[PDB]
Ligand SMILES: O=C(O)[C@@]1(O)C[C@@H](O)[C@@H](O[C@H]2O[C@H](CO[C@H]3O[C@H](CO)[C@@H](O)[C@H](O)[C@@H]3O)[C@@H](O)[C@H](O[C@H]3O[C@H](CO)[C@@H](O)[C@H](O)[C@@H]3O[C@H]3O[C@H](CO)[C@@H](O)[C@H](O)[C@@H]3O[C@H]3O[C@H](CO)[C@@H](O)[C@H](O)[C@@H]3O)[C@@H]2O)[C@@H]([C@H](O)CO)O1
Ligand SMILES: O=C(O)[C@@]1(O)C[C@@H](O)[C@@H](O[C@H]2O[C@H](CO[C@H]3O[C@H](CO)[C@@H](O)[C@H](O)[C@@H]3O)[C@@H](O)[C@H](O[C@H]3O[C@H](CO)[C@@H](O)[C@H](O)[C@@H]3O[C@H]3O[C@H](CO)[C@@H](O)[C@H](O)[C@@H]3O[C@H]3O[C@H](CO)[C@@H](O)[C@H](O)[C@@H]3O)[C@@H]2O)[C@@H]([C@H](O)CO)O1
């Protein structure tokens, strides 16, 4: 029952870089190790197996090494299509274990989000539902925390988030959080707020409005 | 490719009666015929196979006969527990076919439904939805039709209904139909009507209300 | 050429069940150990289950032991995954994968994968009903009732006036709405001349969500 | 006492897929031909599929030939039914049933049945979005910039495309990955940041295309 630990979880690099993802096993697995590439919405692709064997068709810029407990996947001369998630895997006859994955992204400078909040539209409200939307715009890196507070009470279980892929132009991410309440629930409270924490912000940013204006 | 035709579709009788259900095969099936009893919401139960053999536990008032193309299920001395649907079945080594089924019910005199219509409660409307309910109360026999009209335009795809099992005391049936619309559509229209067709009526009955009143 | 495709993904409520299947093209599954793997929203893959040739060995991730069953059908080239007692953390994209190589050995990597099928477990395993009056208004005889709406799973029970009122009562089979929630109505016929004097209260119980609801039905 | 239990029933969209399983208690399926049968709304029973011992023969009702597959697992005692390209008339209660008798022969009746699982195929394969404005206001305006958008809610299935001012406005637009709600319908938002100085002068309209329902909606998003 082997634990596989990749490093790093996110690897920020530029086109043309030479980069190295590490995979550590909690105990020796000889060379029973494979590396897979996976792009959003698509199936994992086998790149390398038995620690260092390149699958036919895989460009020679991909290279794998290691044995026992330490393994590396090296990409020499990173190309745009190499930006993806990479998973290491201990494979045994009748079971397998994966690492947590490493997402390789485009390197850029830290960028705080711009935060905007949107009350529910009167039209939706009338239909019996209140969606409150918090927008985090063009930030980097991708990790951001968003908390909803309704009359200062932290919310759980009633919001969903969506994050965009890295922007083709500024390499930033954007995020949307939607708090959903019944009209009746929504009308039981006054102050709606979203509180955003991010590495580029000196301190958290809180956007709020009063129901009814 | 053997078509099984069961007759009648509904058999109305009284406790104590001897009744006969017929099953006909489009071609000879020797004695490869079985009879099943099924009550509402329960699994079918095998009663008779090889045309005339009773399963263990099946009371002797049940009997079956026939071979070739014509088969008969007999119940001598109907008991309350016997009102149910009966299904005949041709069974072959690797396929089977069923007759349409025969519902055995308690006989009584024709009775027209009493019809009632209920507008949405203000409370539900407030939450964004409008269910209009039409009730057909204590009618016989079971076949009845409900057509919803909104400002005289026949509806479809927006109503569901359910029917009670035969009443223990007066042997009647009742039916409930719900027309469901968004609050928005509901307020677009004024006249909501449910039109009921049933053998107990000399012609279709309509119950209606004007929204707001 | 070699392909797999998964079917059966869907939205399920916590505690519910869902069965996935996997078909293939341009190879037979018989010589291959077949696997299920899932990609959880965090982005990582989790090995879920494996079934060896001849079904000699079936192995599961600890997280799913006791709840999932994998099966294989060599004659028609299908593999199955049954999922029961499902939990929020089962939410993921599920892939069917084979262990294979140009020459099969005792331990080959996952060389062919299906595109995946999305499985979502919503958090609530039950939902209590909303109850609305069906208000009265044919003379002599009046009809009133309660509309018991948007609950899950079955059943609800309905009594009238804590049970004192049984005559003329009809509680209808529930219907399943396109929303995947149930709805039913309970109605009672009473003397057109008891509305406003006699009180009418439907008592709804939804055991699955320990919800009890009394609702007065008044004229208008 | 012999028992069978179906699993997997639910609501399915026309064209969709659903797989059922059947498990047993107090007997082994290996010696038995296993069957699937369904009761349709009209009350009649319909034979659906049968699978012989050893999976030697699989047979199907003509109505399902090509769309359903039946499989068996003798080692752990399960039977499966795959249902694809589902149709409204597939709507029924599905039962797993054993062919058998006190002593097996080449042709026995169905002597044990499961309780049945409800399968309901809705006529609608698709559903069009409601679109609501995310109006610019003081709460989404700061300095030289204002954010506005559209919330595209309660549609099925993916995808929907969103354009702003028929494609004239592309800079600054973000259309987020759709998310699936507990209702089984998707929703997403499309937002754009624009100069605060332009609200009141520039009209902003989101163009929503739900190709799967061939539905298009144009929504003017205005202050307040
Ligand atoms: O029936 C027989 O032919 C045979 O008599 C052959 C015997 O050798 C023996 O088989 C057993 O031992 C074999 C050899 O063991 C020794 O040498 C091996 C190297 O060849 C070495 O790995 C091993 O440690 C030892 O030193 C094993 O190969 C046999 O294992 C196979 O068969 C059993 C079923 O009995 C399976 O459970 C195993 O998973 C394995 O089958 C898989 O691998 C073989 C190829 O090696 C494939 O032909 C087979 O289709 C299957 O392949 C799939 O699964 C593997 C594992 O998931 C994947 O990596 C592949 O990609 C495929 O998906 C067995 O231990 C005797 C036995 O004593 C009983 O018959 O059998
Ligand atoms: O040792 C052997 O296994 C044996 O040598 C026995 C041989 O007789 C022969 O088997 C074949 O012939 C048998 C007899 O056939 C002749 O007599 C029959 C009257 O008894 C008559 O119907 C038939 O047409 C012919 O005149 C058959 O019984 C055999 O068929 C059985 O086995 C085959 C597999 O070889 C199965 O595919 C069949 O469906 C059938 O099995 C089913 O029935 C038997 C009981 O007879 C069960 O023991 C078995 O589990 C299975 O039962 C289940 O399925 C049936 C049908 O769906 C249901 O009705 C039951 O309720 C169960 O659900 C076979 O044709 C040779 C073979 O040639 C090769 O071994 O085998």
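Chains as they are written, first to last, in the working numbering: chain A, 114 to 326; chain B, 114 to 326; chain C, 592 to 811; chain D, 665 to 888. The beta-carbon is built from N, C-alpha and C at its ideal position, and this holds for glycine as well.
Can you give me the C-alpha to C-alpha distance between residue 835 (chain D) and residue 252 (chain A), rounded to a whole angstrom? Looking at the two C-alpha atoms, the distance is approximately 16 Å.
Quick one: residues in its chain with C-beta nearer than 7 Å to the C-beta of residue 719 (chain C), no 5 flanking neighbours on either side, listed in chain order? Excluding its 5 nearest sequence neighbours in each direction, residue 719 (chain C) has C-beta neighbours in its own chain below 7 Å: 742, 797, 800 and 802, listed in chain order.
For residue 144 (chain B), I'd like the list of residues in its chain whose CB is within less than 7 Å of its CB, leaving aside the five on either flank, ordered along the chain. Sequence-distant partners of residue 144 (chain B) (beyond 5 residues in either direction) whose C-beta falls short of 7 Å from its own C-beta, in its chain, are 163, 164 and 180.
Does the stretch 665 to 674 of chain C come close enough to the stretch 612 to 623 of chain C that 3 or more CB-CB pairs lie under 8 Å? yes
Whole-angstrom distance between residue 690 (chain C) and residue 617 (chain C), CA atom to CA atom: 15 Å
In angstroms with no decimal places, state the Cα-to-Cα distance between residue 275 (chain A) and residue 237 (chain A). Taking C-alpha positions only, residue 275 (chain A) is separated from residue 237 (chain A) by approximately 21 Å.
Extent of the continuous alpha helix (DSSP H) to which residue 300 (chain B) belongs: Per DSSP, residue 300 (chain B) belongs to the alpha helix (DSSP H) from 296 to 301.
Please identify the residue among A:259, A:264 and A:254 whose C-alpha is closest to the C-alpha of residue 108 (chain A). Here chain A has residues from 114 to 326 only, and residue 108 (chain A) is not among them.
For a test of the three-state rule: what should DSSP assign to residue 766 (chain D), helix, strand or coil? coil
Give the residues of chain A in contact with residue 297 (chain B), contact being defined as C-beta atoms less than 7 Å apart. 240
On the DSSP bridge assignment, give the partners of residue 314 (chain A) in chain order. Paired residue(s): none; residue 314 (chain A) is not in a bridge.
Measuring from the CB of residue 690 (chain C), is there a heavy atom of ligand 1 at a distance below 6 Å? yes
If we count the other Cβ atoms within 10 Å of its Cβ and call it buried at 16 or more, is residue 794 (chain C) buried or exposed? buried
In this structure, how does DSSP classify residue 256 (chain B) when only helix, strand and coil are distinguished? coil
Report yes if the C-beta of residue 210 (chain A) is less than 6 Å from at least one heavy atom of ligand 1; otherwise report no. no
Where residue 666 (chain D) falls, given that 16 or more other Cβ within 10 Å makes a residue buried: exposed
Would residue 849 (chain D) and residue 840 (chain D) qualify as a contact pair, given that the criterion is a beta-carbon distance under 7 Å? no
Using DSSP's beta-bridge definition, name the partner residues of residue 250 (chain B). B:227
Start-to-end residues for the beta strand (DSSP E) that takes in residue 183 (chain A): For residue 183 (chain A), the enclosing beta strand (DSSP E) starts and ends at 183 to 189.
Closer than 7 Å, CB to CB, is residue 277 (chain B) near chain C or not? Chain C places a beta carbon closer than 7 Å to that of residue 277 (chain B), counting this residue as a contact.
Let's test the definition: count the other Cβ atoms within 10 Å of the Cβ of residue 721 (chain D) and tell me whether it reaches 16, buried, or not, exposed. exposed
Cβ-based neighbour list, residue 130 (chain A), same chain, cut-off 7 Å, excluding 5 preceding and 5 following: Only residues of its own chain outside the window of five on either side were considered, and among them 191 have a CB closer than 7 Å to the CB of residue 130 (chain A), listed in chain order.
Among residues of its own chain, excluding the 5 on either side of residue 123 (chain B), which ones have a beta-carbon nearer than 6 Å to its beta-carbon? 216
Kindly identify the DSSP beta-bridge partner or partners of residue 119 (chain A). A:136
For residue 299 (chain B), which residues in the same chain have their Cβ closer than 6 Å to its Cβ, ignoring the five residues on either side in sequence? Around residue 299 (chain B): 243.
Just how far apart, CA to CA, sit residue 176 (chain B) and residue 134 (chain B)? 11 Å
Are residue 784 (chain D) and residue 709 (chain D) closer than 7 Å when you measure CB to CB? no
Proximity test, residue 768 (chain D) beta-carbon vs ligand 2 heavy atom, cut-off 6 Å: yes
Heavy atom of ligand 2 within 6 Å of residue 130 (chain B) beta-carbon: no
How big is the Cα-Cα spacing for residue 117 (chain A) and residue 210 (chain A)? Rounded to the nearest angstrom, the two C-alpha atoms are 7 Å apart.
For the structure I just gave you, are there three or more beta carbon pairs, one from the stretch 805 to 820 of chain D and one from the stretch 701 to 718 of chain D, closer than 8 Å? Not touching, per the Cβ criterion.
With a floor of 3 residues, list each beta strand (DSSP E) that falls wholly inside the stretch 147 to 182 of chain B, ordered by position along the chain. 158 to 162 and 175 to 180
So, do the stretch 640 to 658 of chain C and the stretch 218 to 225 of chain A have three or more beta carbon pairs nearer to each other than 8 Å? No, they do not touch.
From the beta carbon of residue 743 (chain C), is the nearest beta carbon of chain B less than 7 Å away? No, residue 743 (chain C) does not count as interfacial toward chain B.
Can you list, in chain order, the residues of the stretch 244 to 257 of chain A whose Cβ is nearer than 8 Å to any Cβ on chain D? 244, 246, 248 and 250
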